[PDB]
Student: 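Sharing a structure, written as structure tokens. Questions coming.
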Amino acid sequence: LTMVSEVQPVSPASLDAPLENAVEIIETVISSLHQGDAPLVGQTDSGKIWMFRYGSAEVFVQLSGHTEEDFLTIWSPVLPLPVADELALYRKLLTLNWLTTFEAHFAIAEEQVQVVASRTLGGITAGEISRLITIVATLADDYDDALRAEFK
Amino acid sequence: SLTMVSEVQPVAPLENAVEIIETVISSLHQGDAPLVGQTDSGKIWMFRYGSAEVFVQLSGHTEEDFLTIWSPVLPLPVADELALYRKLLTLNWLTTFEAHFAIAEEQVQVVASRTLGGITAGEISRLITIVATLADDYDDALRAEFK
């Protein structure tokens with residue numbers, strides 16, 4: 001009497017894709033990266049958004065949707081303005097913006113200096129999502145204190 | 001430091017990296033043929049887009065290596081540096097996309113830099129276009145307002 005233990009040993013895996021599943025990825029990434037209160041989550045007219053703490057900084061992650069034309073934006077305010085010597089500040093931020101900040105960079109918004117990285121979702125991978133959130137967070141944690149000590 | 005300078009011949013996103021960049025640059029460039037060369041920090045490319053000269057660099061072929069796309073848009077010094085730097089750091093907020101403004105070698109640069117991990121042909125074409133069009137748009141605008 002013939003027997004077949006596994007009628008279907010393997011099968012085409014229905015694989016979660018990084019584009020359609022950027023959410024679950026952002027979540028497991030923040031789950032391990034955060035060093036603070038349970039991260040918060042909300043909805044903006046521009047999409048889903050997460051808030052967490054890394055070191056001394058507050059980091060924001062926003063996913064406006066799951067199509068290639070959509071954006072993944074990560075930022076963290078590092079220094080409140082104005083400041084006594086804005087020229088010496090702005091020139092430093094812009095000099096640092098040369099390779100040193102990698103995929104992220106310094107900018108000005110909402111009366112504050114922000115560390116930010118923004119990109120389209122086309123061709124995005126889990127490794128890249130993990131990398132961008134980490135870069136913005138580590139840069140933000142390293143420079144918020146250094147910048148205050150020097151311009152306050 | 002430049003070397004092996006030559007012109008781009010119009011011919012696995014990590015293996016065809018060089019062929020991909022050259023294909024993108026060939027379709028994008030205007031005017032003289034795009035150039036290619038060796039640098040001690042990696043392989044480099046040079047082409048014209050509008051009024052700007054755009055540069056590209058591939059420092060290697062591994063996942064941790066870099067792709068840097070940049071272009072000079074305004075020579076420094078300038079009269080109102082405070083007003084300029086403020087404007088640049090303000091456009092740096094979302095408006096410049098994956099790219100952004102910086103300062104390097106006494107000149108204002110438009111640049112986008114990233115790691116090769118997970119990179120696709122599509123992203124390479126987009127980053128280069130983004131820097132190229134941002135540079136062509138602002139070098140004139142910035143010269144007018146500050147030079």
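The figures that follow rest on heavy atoms only: side chains count, while hydrogens, waters and symmetry mates do not. Here is the naming used below: chain letters follow the sequence lines, and residue numbers restart at 1 for every chain.
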Student: Once rounded to the nearest 0.5 Å, what's the spacing between atom NZ of B:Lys87 and atom CD1 of A:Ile108?
Tutor: 13.5 Å

Student: Atom CG in B:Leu127, atom CZ in A:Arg119: separation rounded to 0.5 Å?
Tutor: 8.0 Å

Student: Just verifying a value: how many Å separate B:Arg126 CZ and A:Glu68 CD, rounded to the nearest 0.5 Å?
Tutor: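 If we round to the nearest 0.5 Å, B:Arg126:CZ and A:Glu68:CD are 11.0 Å apart.
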
Student: Pick one of side chain, backbone, both or neither for A:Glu103, based on which atoms fall under 4.5 Å of a heavy atom in chain B.
Tutor: both

Student: Just give me the residue among A:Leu93, A:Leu94, A:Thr73 that pairs up with chain B most often, heavy atom to heavy atom, under 4.5 Å.
Tutor: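 It is A:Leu94.
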
Student: Are A:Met51 and A:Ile25 connected in the hydrophobic side-chain network, where two residues link if heavy atoms are under 4.5 Å apart?
Tutor: no

Student: Is chain B contacted by the side chain of A:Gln114, its backbone, both, or neither, given a heavy-atom distance below 4.5 Å?
Tutor: side chain

Student: If you define the side chain from C-beta out and look only at heavy atoms, does anything of B:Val111 sit under 4.5 Å from A:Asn97?
Tutor: no

Student: Pick whichever of A:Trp75, A:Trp98, A:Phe106 has the most heavy-atom pairs under 4.5 Å with chain B.
Tutor: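 With the most close heavy-atom pairs to chain B, the winner is A:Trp98.
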
Student: For A:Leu87, is it the side chain, the backbone, both, or neither that has a heavy atom closer than 4.5 Å to a heavy atom of chain B?
Tutor: both

Student: Given heavy-atom pairs under 4.5 angstrom as the criterion, report whether the side chain, backbone, both or neither of A:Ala117 touches chain B.
Tutor: neither

Student: Between A:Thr120 and chain B, with a heavy-atom cut-off of 4.5 Å, which part of the residue counts as in contact: side chain, backbone, both or neither?
Tutor: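 A:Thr120 touches chain B through backbone and side-chain heavy atoms alike.
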
Student: Between A:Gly122, A:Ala109, A:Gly123, which shows the greatest number of heavy-atom pairs under 4.5 Å with chain B?
Tutor: A:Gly123

Student: Give the minimum heavy-atom separation between B:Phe97 and A:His105, together with the two atoms involved.
Tutor: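 It is O-CE1, 4.4 Å.
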
Student: Once rounded to the nearest 0.5 Å, what's the spacing between atom CZ of A:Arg91 and atom CD of B:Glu81?
Tutor: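 Taking CZ in A:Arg91 and CD in B:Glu81, the distance rounds to 5.0 Å.
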
